[PDB]
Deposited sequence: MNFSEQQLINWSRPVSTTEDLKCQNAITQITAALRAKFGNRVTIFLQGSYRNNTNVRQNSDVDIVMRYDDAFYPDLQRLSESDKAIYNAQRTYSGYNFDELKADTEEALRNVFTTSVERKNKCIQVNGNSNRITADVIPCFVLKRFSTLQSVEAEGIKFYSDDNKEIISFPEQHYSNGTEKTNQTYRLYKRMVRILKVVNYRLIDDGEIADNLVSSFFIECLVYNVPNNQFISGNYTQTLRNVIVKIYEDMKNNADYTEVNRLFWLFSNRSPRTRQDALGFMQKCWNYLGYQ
């Protein structure tokens, strides 16, 4: 094929991480701005690629979640107000670097800190029929009125467990496929929203552990692509990484066809 084993290994490494000084600086500065307004009435934590350690680009933006949760985690109000107050707290400190977005408040970075997407949200509890239990996550509303729900803790823990069981290859394969995604987007071969990091992470998560071959990146990646591709042709019932909800649920607009087409473009780009 087109790329060597060593090239795949290189592509499998995390690039931006929470050890980076500019990431630490962003979290420190934004946390202080938020605490000045909200005190202990919020929990601050990370989600997305810095949390799951799946960044494949330099100086990537970090997703900082600000969960307003005084009612559930008290000290031992509608969403529109929360988001406006969050924007105000950030603008008081970062002034012109602050931009309101559909699903977050963006704080643009600078020479000494990465850009951050600050995600105000509330506690969310929902029953999972998959596990027949109530699950806790977060919820927020987009400016175009969508209810966005996330289970970042369960996503984090399940993905970490899987990579620990697959010779660390689960997340390494996610990272390789994210690299290929960005290359295909840059080349104009696929739309920039055909897949997402979350979608890729869920697809690879459903590949059985016995497909990940210790010390063989080329064959593992072949196994991953072939398995997802065949599963999509076969109408497979994939779960999200959180194992609480279905990947191809009627709440989600992404389809098995999106995954099938992406796998095909990856196969062709890699030259298997």
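Positions of the deposited sequence absent from the coordinates, in order: 77 to 95, 292.
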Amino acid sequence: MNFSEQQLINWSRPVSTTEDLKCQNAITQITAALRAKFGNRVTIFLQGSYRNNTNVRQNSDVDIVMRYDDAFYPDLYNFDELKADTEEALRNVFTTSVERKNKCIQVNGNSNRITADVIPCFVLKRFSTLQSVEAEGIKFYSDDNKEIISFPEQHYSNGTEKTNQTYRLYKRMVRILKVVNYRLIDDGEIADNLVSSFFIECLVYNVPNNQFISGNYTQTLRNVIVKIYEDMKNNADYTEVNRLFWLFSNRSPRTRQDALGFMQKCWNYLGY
From here on, numbers count along this sequence of modelled residues.
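The PDB entry reports B-factors from which the mean C-alpha value can be compared for 152 to 160 and 77 to 85; the larger average falls on 77 to 85.
On average the C-alpha atoms of 186 to 194 have higher B-factors than those of the other stretch, with 110 to 118 and 186 to 194 being the two compared. In the PDB entry, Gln58 places in the highest third of its chain by CA B-factor. In this PDB entry, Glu136 carries a Cα temperature factor that places it within the middle third of its chain's modelled residues. When the CA B factors of the chain's modelled residues are split into thirds, the value for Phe199 lands in the lowest one.
In the deposited entry, the Cα temperature factor of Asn250 sits in the top third of values across the chain's modelled residues. When the modelled residues of the chain are ordered by C-alpha B-factor, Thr220 sits in the lowest third.
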